[PDB]
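There is one chain below, alone, in structure tokens, taken in the form deposited in one PDB entry.
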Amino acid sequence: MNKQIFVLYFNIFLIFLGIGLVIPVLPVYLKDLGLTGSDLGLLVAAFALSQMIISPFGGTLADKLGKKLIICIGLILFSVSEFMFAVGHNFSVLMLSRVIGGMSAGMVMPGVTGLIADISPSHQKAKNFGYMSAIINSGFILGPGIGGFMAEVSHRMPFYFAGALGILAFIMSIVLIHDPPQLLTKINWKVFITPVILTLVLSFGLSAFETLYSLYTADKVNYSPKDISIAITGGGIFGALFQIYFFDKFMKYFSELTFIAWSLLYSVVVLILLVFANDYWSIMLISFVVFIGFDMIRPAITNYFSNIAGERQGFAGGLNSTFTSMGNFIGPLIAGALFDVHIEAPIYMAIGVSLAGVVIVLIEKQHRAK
């Protein structure tokens, strides 16, 4: 593969590592200086909302001015944002840093996707999209996994490290990358509904679980950030390995909808098994299981989008990202309030959203069969 594609993927990965970095520290960050869970959810919610607000303007600008320049400016703004987070002391500066980071992410991503689409012919508009999906999921999962680790010594430099990484990505991207309307009306959007709700569900569940897990496990079992780090890393590695080495094996013996429904049932049962667990090692093991459950759904949704879109893969790839941002924004914001009203409420809402997804899968499948 051309290294330019590698760096374009690395930019995505860095953005989604930034979106996931805050979770390890989340309790100790604002339950040492006197905040509540509402704002803990609101921080990451603000990040994702900034991403959403800003993606259209950033896309349009980038189209009218250039992709490499937009990408470089984005990376610079992301590095500045992330360095600003590591020096703040009150809530307003952290909110501004998260909003800035959202801005940088939402005006980075359109440039990266445009360049990838411009460098991949019609025979590689599916494999590269799958690679994008995989890198996004890996970065989101591994954000906390590395953010927990170095947090144990010199607490306030997982954003220093992220800033440094960001400037490295900047300089590598500028040096190496050698790059010097009515369409909706036709669309019936009567088949796109259920894949959109499925990706919304999946993003909601994953983001809400990641937000609630650290707070719950630090409150009950008093997890140090090392423990959250190791749990998330092990979970993600097990899920990715099970994915890569058994997916093809399960496709031969089911359909996409049934596979998604059984994976969702597996997720909902492992969540209650996590609820009942009250030991350090137990709750450590359940992480692997829960991430194995959550890693199956996303490729199925991407294949569903690819098989339904047909020729216009860009439309599906845009809707997927837009509603992934929707879920990433709406999940943690609700999760913080739920963790404020009670302790076990976020898992109850995760149960609810998973069963919702099961029901929509069931109804969709029933009416396609009929």
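In case it trips you up, residue 1 is the first one in the sequence shown, and so on. Here the rigid core means the biggest group of C-alpha atoms that line up within 1.5 Å when the two forms are laid on top of each other.
Not pictured, yet referred to below: the form deposited in another entry.
Superposition on the rigid core between this form and the one not shown places the CA atom of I119 2 Å or more away from its counterpart. Taking the rigid core as fixed, one finds a CA shift for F161 smaller than 2 Å between this form and the one not shown. After superposition on the rigid core, displacement of the C-alpha of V44 between this form and the one not shown stays below 2 Å.
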